[PDB]
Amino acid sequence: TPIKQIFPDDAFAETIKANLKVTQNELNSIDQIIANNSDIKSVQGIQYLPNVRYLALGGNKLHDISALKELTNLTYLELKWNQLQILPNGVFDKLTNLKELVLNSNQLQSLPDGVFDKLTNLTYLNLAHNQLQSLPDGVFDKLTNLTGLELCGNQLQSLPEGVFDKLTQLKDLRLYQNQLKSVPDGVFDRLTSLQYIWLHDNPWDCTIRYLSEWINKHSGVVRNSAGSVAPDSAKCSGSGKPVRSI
């Protein structure tokens, strides 16, 4: 088959024409694809390259990622800034070799229960600056190897209790720029390896005695938007006074 016949997306043909500079043995020689900000609409045909391990698809206009369901040798998946709207269920269940998943700045409205649960090898998950209002109960519980979790810039109304249960290896948790009023008691008490937490720019209801006590105990993992260590950055709603000061 020619370049034009396997891939109906103009841009996606242009990137498979650039990678190889075709035979199925040729198509089975493709280990990575770098095709970011390349004006791409659908990856129809990406199912015939089962040995691809690295996939750079950020900055494109994807709606459906259905054709990646079986690519079982993937480990890096970067889909930052596309047009994804909701996440089909089980679509990640087969990517059990993923270590890093970047769903940065899409239009995702919600997460189905247990969509990540077949990704036990993940260390990095970027869901920041989407449109999430809430999170499936213990969605982050099969994700035991998770070193960084980014959620900032959403409209998160509230966090499930123990939602961060099986995340001992977590070192970086990002929550700033959310519509958070309070956190479950003992949501963070198991986050043992946590070295960076981001909590500023949240309407902290200080009506707030667990978080006020968790921050003083860990008065060195909180960082403001500039990077400097700064625990007075989580400000109470209305008053504007720092949380840790109550």
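Start at 1 with the first residue shown and count on from there.
- Per the record, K21 and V22 are separated by 4 to 9 deposited residues that have no coordinates.
- According to the record, 1 to 3 deposited residues between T207 and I208 are left without atomic coordinates.
- Per-stretch averaging of Cα B factors for 63 to 71 and 194 to 202 places 63 to 71 on top.
- Remark: stretch with higher mean C-alpha B factor among 126 to 134 and 86 to 94 is 86 to 94.
- Per the PDB record, residue ranking by Cα B-factor puts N145 in the middle third of the chain.
- Ranked within its chain, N104 lands in the lowest third, by CA B factor from the PDB record.
- Residue-level temperature factors show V229 in the middle third of its chain, judged at the C-alpha atom.
- Among all modelled residues in its chain, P112 ranks in the middle third by Cα B-factor.
- The entry lists a Cα temperature factor for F188 that places it in the middle third of the chain's modelled residues.
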